[PDB]
Amino acid sequence: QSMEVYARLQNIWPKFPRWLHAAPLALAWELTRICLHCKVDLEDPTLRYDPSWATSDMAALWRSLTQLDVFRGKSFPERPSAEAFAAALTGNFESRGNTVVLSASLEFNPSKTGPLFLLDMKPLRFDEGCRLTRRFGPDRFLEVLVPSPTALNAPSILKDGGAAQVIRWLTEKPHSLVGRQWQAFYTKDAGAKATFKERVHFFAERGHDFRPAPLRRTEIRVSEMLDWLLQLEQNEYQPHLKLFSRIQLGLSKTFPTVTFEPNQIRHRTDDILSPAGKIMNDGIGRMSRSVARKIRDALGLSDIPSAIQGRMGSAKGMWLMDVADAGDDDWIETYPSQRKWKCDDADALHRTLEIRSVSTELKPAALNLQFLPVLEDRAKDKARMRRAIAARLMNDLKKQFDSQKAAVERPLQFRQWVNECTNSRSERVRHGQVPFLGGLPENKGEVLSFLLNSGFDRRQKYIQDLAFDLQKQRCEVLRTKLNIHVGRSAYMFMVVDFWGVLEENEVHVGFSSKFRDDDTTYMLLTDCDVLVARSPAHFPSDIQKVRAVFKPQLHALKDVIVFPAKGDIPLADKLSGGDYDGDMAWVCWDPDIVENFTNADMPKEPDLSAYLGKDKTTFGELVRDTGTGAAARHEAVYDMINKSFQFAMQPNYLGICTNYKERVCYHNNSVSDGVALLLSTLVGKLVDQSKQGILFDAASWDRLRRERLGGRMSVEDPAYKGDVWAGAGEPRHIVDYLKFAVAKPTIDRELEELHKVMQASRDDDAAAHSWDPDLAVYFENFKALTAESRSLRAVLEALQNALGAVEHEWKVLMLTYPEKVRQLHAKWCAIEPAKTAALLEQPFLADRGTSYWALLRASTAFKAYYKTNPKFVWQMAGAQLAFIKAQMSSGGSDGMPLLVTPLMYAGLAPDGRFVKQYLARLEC
């Protein structure tokens, strides 16, 4: 509708040749991927169809195929998972709760009658299912990441002609792909530098397989889908954009838990009201004890959660355990603030609890920098608070280094430390073992435990090396983000108190178990003040002090925080406009912080009405534009999609006014002047921009700053937006101080104290050397063999020349990193040898990686490139040096060699109880 665009927007999506029409979608999609990966044109027939395809494992279909030689080629692409692809033909797209996705990804192109957008079809991926995909079949949905067409900028034709035919292209008709008609329904914010994207959800309305009609695969429009989900005749009263936003409830990624009976769902008509006006339980309502037992059962938690975040048809938010239920019937209640459209809750998938997230066990959280200036403002003593905060930074940091340098002195304990600092557990479960990247584990802290399990020390330069990398990389996190750890703080779910036990400024926090703070332990909080705060805190009052009081009534509500239902304003609200619908709280009970805090009073949101303008046009006025009947209802849906998209794709000002605030407050060295309450208010209203259909745009933004602020022009980036310190004097600003003056120096200092220390080795005995005589014991033995040789001799010499060329390969390969590491591993694993040439290789062993040659390969590798390329041999052979180092450091009769298989090994962990008691005996 320009036209520039058209013709552009061609041919963005590839077509569908008659040889692929046979079905199914699975191979059709993955074959489309192969063809454009291999840059083969799909409009070359001379091709056919194979029934074996309907059965196999892509590599099977991918080895067809290829043959053909022009499919040689190449190989790849990334390829879908084992459980996924088989389900993509014969498992109907689903494993228990995890659906199979179709996901494409769009980035810009330049010219024309050229595309404009470049497709990237990711392979079939398992994700969790939502309600629509569960209802209509996961095969009928597509999600693409699309660049926003109002993100300036881009290549020039983009927005040279600002407009927006782009959006009209996405919404108006379908998009023909792999035989199907995909029609857009929802558009959301994305869940040197590249550009920002919009996630767009298409629903396949028809295609090559399809058949009518009300009252597989049937024909079925986006208009009927939403009519199912939303139930449209009973919801005309809604503003269409607000009804559009509600789509997000049917798309939310959730685990299905229980379907209730209509009686067992207790739809409350009123919210609990202020003693009085203000709802005191926004989004939160009780579930039964049994549903909570059930939710554990269903998902498999190691314990019943006291609270849950789900979805329940039209309902959304938090359910907590009713403590006053003792009994054995399942029930759940719902409240108005929960229920987001009028749902009759008829069919089963509107009656079923879909679980988003559970109450799980707290971890120490610390203090994000966003809260820093707020705290400084509400500090009693600002200097002492500065000194309070910085001190805690350096001590946790001292604490984690001294703990780690002491551990390193003793294998058992150095192993024990690594295990207490990360987790490959959820990765191990995944791949059935310790996933391995060439010759060594993927995760570094897994790499250490294996090389220590195999009997290595701080005699080995590589082991020293990795110990340093681990802690350094966790330092990096801290020097950028200022995630300043606070031993006495957690992130908790807010819950409200339905039983009237806590008073206006009283909260209840109990743990599900022993909370560790370094010195001391906790299992609840009583008779002590606590700071509560929802991220982000923008007002001085968005951080609130309250008294942590325990009530044994609520003993059973664990790992959450209970706010009162009493007084005028619910606490959740006081914390940056919160409510209880998933929102979590920064709960700090550190005395040194809390007691220097003094409460501020809730501001009044200033009159910003001339800039904030809700488009309240309803879904019923949109139908009335079509004249009556179901038809007028059918097109209204497409009116609304089309119009909601033009809104959805406007620039997210939320993030731009928040940036401006972070700059205007930093310069103005205030969070508590008048221009800060004006922005704080504004960024408040804009978090709801989506679901309120608010009109706030380039015009209003300029208009505002003209009339009420500075200061249109680029306000400066703050100093802490760099690495090293910019200006004149040791820093004044709290955040600059904390970054440049404290964190940087504290870290660099302690990084060095154990790079001192490496590095001291020379031959004092002590210290670290890549060289280890044990690790070349296969090499030397075979080198005098081979003296004395004949053609053995031929064996060794070509191995050594081979290895050379492989390390040469590493040199370049200095284009994805593990890929490179693998590419050149297989070239490493390719080095292959009357008489012992029958033995060493041992091809009754299925895979070259548990043979004796492999040792010799690696022990020889080591001597030649330990100089030199220590790394190169560890990333290829590391597990083969492990055999060696395990065999040789063993004497025999003082322990034999116990070989644990990958699964059994990934099933074992270091035994803290044993390490504590076994040192207790070594230090007699």
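With that out of the way, let us pick up the overall build of the chain. Across its full length, the chain carries 33 helices and 28 strands. Its C-alpha atoms give the chain a radius of gyration of 32 Å, near enough to 29 Å, the size a compact globule of 924 residues would have. Counting only C-alpha atoms, the chain reaches 100 × 80 × 65 Å along its principal axes.

A few words now on the packing of aromatic side chains. On inspection of all chains with the given rule, the structure shows 33 aromatic pairs. Here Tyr 49 and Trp 53 contribute two aromatic rings whose centre-to-centre distance is 5.8 Å and whose plane-to-plane angle is 85 degrees, an arrangement assigned as edge-to-face. A residue is classified by how much of its surface remains accessible, and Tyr 49, at 34% relative accessible area, is partly exposed. A centroid spacing of 5.7 Å and a plane angle of 70 degrees characterise the contact between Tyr 865 and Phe 872, whose relative ring orientation is edge-to-face.

For the peptide bond that leads from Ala 23 to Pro 24, omega is 0 degrees, which places it in the cis range. With respect to the helices, strands and loops of the structure, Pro 24 is situated in the segment before α1 (25-37). Phi angles above zero are rare outside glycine, and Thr 46 is one such case at about 70 degrees. Assignment of secondary structure puts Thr 46 in the loop between α1 and α2 (58-62). At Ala 163, a residue that is not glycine, the phi angle is positive and equals roughly 125 degrees. Among the secondary structure elements, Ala 163 is positioned in the loop between α5 (157-160) and α6 (165-171). Residue classification places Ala 163 among the partly exposed residues on the basis of a relative accessible area of 39%.

Domain boundaries assigned for the chain yield domain 1 (1-14 + 92-395 + 481-742), domain 2 (15-91) and domain 3 (396-480 + 743-897). The C-alpha centroid of domain 2 is placed 39 Å from the C-alpha centroid of domain 1. On the domain 2 side, the residues contacting the 23 residues of domain 1 number 25 residues. Approximately 2,000 Å² of surface area, both sides summed, lies buried where domain 1 meets domain 2, with 70% of it carried by carbon and sulfur atoms. For the domain 1 face of the interface with domain 2, the top three residues by lost area are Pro 14, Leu 124 and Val 178, together amounting to 33%. There are 0 salt bridges connecting domain 1 and domain 2. Along the contact surface separating domain 1 from domain 2 lie 8 residue pairs in polar contact. Across the side of domain 1 that touches domain 2, the residue classes tally to 13 nonpolar, 5 polar and 5 charged.

Next up on the list: helix α31 (residues 878-889). With 12 residues, α31 should reach 16 Å at 1.5 Å per residue; the first-to-last C-alpha distance of 16 Å fits that figure. Inspection of α31 places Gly 878, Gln 880, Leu 881, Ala 882, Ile 884 and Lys 885 among the buried residues, and these make up the whole buried set.

All chains considered together, the criterion is met by 50 salt bridges. With a closest N to O distance of 3.6 Å, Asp 527 and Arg 547 form a salt bridge. With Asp 527 in the loop between β22 (520-525) and β23 (528-533) and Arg 547 in strand β24 (residues 543-548), this residue pair connects regions lying 20 residues apart in the sequence. Taking the relative accessible area as the measure of exposure, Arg 547 reaches 34% and is therefore partly exposed. Across the pair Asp 717 and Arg 663 runs a salt bridge, and its minimum N-O distance is 3.3 Å. Highlighted residues: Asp 717 in the loop between α23 (698-708) and α24 (734-753) and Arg 663 in helix α20 (residues 653-667), separated in sequence by 54 residues. Classification of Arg 663 as buried rests on a relative accessible area of 15%. The network of salt bridges with shared partners includes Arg 131, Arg 134 and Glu 354.

With that settled, consider the nonpolar core. Among the nonpolar cores identified, the biggest contains 84 residues, and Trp 29, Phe 117, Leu 132, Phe 185, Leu 226 and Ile 641 are the most heavily contacted of them. Counting residues per element, this core draws most heavily on α1, at 8 residues. Discounting residues that sit within four places of it in the chain, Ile 641 has contacts with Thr 171, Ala 184, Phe 185, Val 222, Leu 226 and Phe 244. Grouped together as the second largest cluster of nonpolar side chains are 48 residues, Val 418, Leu 775, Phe 782 and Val 821 included.

Once that is clear, we can look at a nonpolar patch on the surface. On the surface, a nonpolar cluster with roughly 400 Å² of combined accessible area is contributed by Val 900, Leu 903, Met 904 and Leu 908. Here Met 904 is to be found in helix α32 (residues 902-906).

Following both chains from N to C, one finds helix α11 (residues 382-407) and helix α15 (residues 461-481) inclined at 170 degrees, their axes separated by 12 Å at the closest point. Between α11 and α15, the interaxial angle falls into the category roughly antiparallel. Contact residues: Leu 393, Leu 397, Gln 400, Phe 401 and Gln 404 in α11; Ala 467, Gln 471, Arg 474, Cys 475 and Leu 478 in α15. Here the residues of the contact of α11 with α15 are counted per class, giving 6 nonpolar, 3 polar and 1 charged.

Let's shift gears to the sheet that holds strand β3 (residues 103-105). Strand order in the open sheet formed by 5 strands is β3-β7-β10-β9-β8, and the pairing between neighbours is mixed. Each edge of the open sheet carries a strand with a single partner, namely β3 and β8 (175-177). Between one strand axis and the next, the sheet turns through 35 degrees on average, direction left out of account. With 3 bridges joining them, β8 and strand β9 (residues 180-189) adopt antiparallel strand pairing.

So, about the environment of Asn 869. Tracing the chain through its elements places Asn 869 in the loop between α29 (852-865) and α30 (870-876). Judged by relative accessible area, which is 10%, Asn 869 ranks as buried. When residues no more than four places from it in sequence are discounted, the contact partners of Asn 869 are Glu 807 and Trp 810.

Rules and cut-offs
Residues numbered from 1 in each chain as written, not as in the entry; some residues may be left out. Heavy atoms only, no water. Residues with missing side-chain atoms left out of burial classes, pairs and counts. Helix = DSSP H or I, 4+ residues; strand = E, 2+ residues; numbered from the N terminus. Rg over C-alpha atoms; globule rule 2.2 N^0.38 Å. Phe/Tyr/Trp six-rings, centres within 6.5 Å; stacked < 30°, edge-to-face > 60°. Buried < 20%, exposed > 50% of the residue type's maximum accessible area, 1.4 Å probe, protein only. Domains from an automatic or database assignment. Contact = heavy atoms within 4.5 Å. Buried area = accessible area lost by both parts, 1.4 Å probe. Salt bridge = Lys/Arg side-chain N within 4 Å of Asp/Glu carboxyl O. Polar contact = N/O pair within 3.5 Å; in protein donor to acceptor, adjacent residues only side chain to side chain. Nonpolar A, V, L, I, M, F, W, Y, C, P; charged D, E, K, R; others polar. Expected span 1.5 Å × (residues − 1). Core = buried A, V, L, I, M, F, W, Y, C linked by side-chain atoms within 4.5 Å. Patch = residues over 30% accessible without salt bridge, like charges linked within 9 Å, V, L, I, M, F, W, Y side chains within 5 Å. Areas by Shrake-Rupley, 256 points an atom, 1.4 Å probe, with all protein chains shown as cover. Axes fitted to C-alpha atoms, helices over the stretch in contact; angles between N-to-C directions. Parallel < 35°, antiparallel > 145°, perpendicular 65-115°, else oblique. Pairing = 2+ DSSP bridges.

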